[PDB]
Amino acid sequence: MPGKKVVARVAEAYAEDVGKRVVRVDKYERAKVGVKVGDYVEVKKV
Amino acid sequence: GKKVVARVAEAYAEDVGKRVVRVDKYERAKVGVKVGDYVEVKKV
């Protein structure tokens, strides 16, 4: 696929977020991915 | 591994600027990653 992929390091979820299919991403990754809080993303291994 | 879909939530302040994504044990197992591995994140 063309262009630079957005790659991030996996860290464990905070306990209260576990089991909610949520991924915490900061504003810098959100800008590059092109998403806002509440949007959905695909996550896959590098 | 496989591709998963998750809802985006804000990062905690201490995680900001470290290129970190917080993913729970369920998504990690499905994706085929462990803590410290890298993932690609894409808008859907």
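Methodologically, a virtual Cβ is constructed for each residue, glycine included, from the backbone with ideal geometry; neighbour enumeration extends over all protein chains shown. No lab work stands behind these numbers, since they all come straight from the coordinates.
For the range A:17-26, the criterion of being assigned to a helix (DSSP H, G or I) and on the phi < 0 side of the Ramachandran plot is met by at least one residue.
Does A:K4 satisfy the criteria of being more than 7 Å from chain B (Cβ to nearest Cβ), of a type in the set (D, E, K, R) and surrounded by fewer than 13 Cβ atoms within 10 Å (Cβ to Cβ)? For A:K4, the condition - more than 7 Å from chain B (Cβ to nearest Cβ), of a type in the set (D, E, K, R) and surrounded by fewer than 13 Cβ atoms within 10 Å (Cβ to Cβ) - is met. Given the condition out of contact with any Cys (no Cβ under 8 Å at 6 or more places or on another chain) and over 17 Å from B:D24 (Cβ atoms), answer yes or no: does some residue in the range A:9-24 qualify? No; the residues of the range A:9-24 include none that is out of contact with any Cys (no Cβ under 8 Å at 6 or more places or on another chain) and over 17 Å from B:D24 (Cβ atoms).
Of all the residues in the range B:27-44, those that are of a type outside the set (A, V, I, L, M, F, W, C) and either more than 7 Å from every other protein chain (Cβ to nearest Cβ) or in a strand (DSSP E or B) (or both) number 6. In the range B:10-30, the residue that is surrounded by the most Cβ atoms within 10 Å (Cβ to Cβ) out of those that are under 19 Å from B:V44 (Cα atoms) and either free of Cβ contacts under 8 Å to residues at least 12 places away in the same chain or under 10 Å from the mean Cα position of the chain (by Cα) (or both) is B:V23. Right, B:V44: more than 14 Å from A:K45 (Cα to Cα), within 11 Å of the chain's Cα centre (by Cα) and not basic (K, R) or not? Considered against the rule, which asks whether it is more than 14 Å from A:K45 (Cα to Cα), within 11 Å of the chain's Cα centre (by Cα) and not basic (K, R), B:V44 comes out as no.
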